[PDB]
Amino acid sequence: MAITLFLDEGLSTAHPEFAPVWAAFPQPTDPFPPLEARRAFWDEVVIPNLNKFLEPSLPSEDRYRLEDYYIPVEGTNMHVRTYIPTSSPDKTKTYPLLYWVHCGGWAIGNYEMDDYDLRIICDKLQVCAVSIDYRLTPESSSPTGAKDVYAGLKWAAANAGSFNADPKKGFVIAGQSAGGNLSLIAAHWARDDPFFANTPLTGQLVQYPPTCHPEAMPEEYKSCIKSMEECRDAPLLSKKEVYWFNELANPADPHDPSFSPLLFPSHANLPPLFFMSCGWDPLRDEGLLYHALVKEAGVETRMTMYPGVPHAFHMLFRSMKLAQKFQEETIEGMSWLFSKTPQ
């Protein structure tokens, strides 16, 4: 038979609250900023401004602690940060496990991107959060980043007790944009890997991920992908930029599921999935397609659509009331997933 499909509502017409904010956003004069300028922009503008806004919402320093690790991956070591709640009078308490994969088009970023958000979340949800510095493109080609994310997931599962986590209490993988893509890969791998038999993932949250290389989009679905042309000039992410990030990632085979998670032979028996989409985004429809395929494979699933706002608008414009709602609904989706192993 066929399957259901999430269609329209003026998804790419500017949200009334976003148009004025966008009108005041400073844009670089470069027609196409080079990679070093994009990395510097996140380092110098996006994360400092995000942290300045989030600073008054951070929990008291008594309510959480941070632990940094350096773990082996193929051919190098990877930095891992853990976010551990410490407000209970019981210093031996163990908590559910949240494994978070940061954004950046596979080519940008590290734990700094979500550091404050995870400090907040670990206190709000009473979970141990984990964030990892997976290797970036183009210096490392796909699937190096995905393999690092997976090695970190294995490390966090096996070593949970050493930072007061217990994945039997809940084990949620979550990722943003390219990090969501890498977590989609990791969730399929983990489903099939007997390593995880005793500590399986219990849930997954993703925000607006890429799901398939354009050159590997299955013919029968090419008609579903309207956003790539309709939103080809959308704020914060153009079609041109999507293609450039795919090129930087340089997978040997764009049809392989280790790059295009849409193309795993089976999407059955994945963790329950909370999917968050931005309406004004060239990557919108491949994400909606991935969600449709996961739902048709029998996996429990929730979708939230933010019409009229671009890719990652909540990371660049967190002071918007709408952006705060996006983060609140992220946390609510996490709470839903963790409620499947309630503590």
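Residue positions are given as counts along the sequence shown, with the first one as 1.
Could you settle it for me: does 189-197 or 143-151 have the higher average Cα B factor in the PDB entry? Higher mean C-alpha B-factor in the PDB entry: 189-197.
Mean temperature factor over C-alpha atoms, higher-scoring stretch between 311-319 and 294-302: 294-302 has the higher mean C-alpha B-factor.
Selection by C-alpha B-factor (highest) of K91, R135, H102, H79: Of the candidates given, the C-alpha B-factor peaks at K91.
Which of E112, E247, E215, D117 ranks first by CA B-factor in the deposited coordinates: Max CA B-factor in the entry, restricted to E112, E247, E215, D117: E215.
Check where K52 lands among this chain's C-alpha B-factors and tell me if it's the lowest, middle or highest third. CA B-factor rank for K52: middle third.
If you rank every modelled residue in this chain by C-alpha B factor, which third holds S266: lowest, middle or highest? Tercile = middle for this residue's CA B-factor.
Against its chain's modelled residues, does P59's Cα B factor rank lowest, middle or highest third? Highest third.
Could you say whether, by C-alpha temperature factor, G287 belongs to the lowest, middle or highest third of its chain? Bottom third by C-alpha B-factor.
Per the entry's values, where does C231 land by CA temperature factor relative to the rest of its chain, in the lowest, middle or highest third? Tercile = middle for this residue's CA B-factor.
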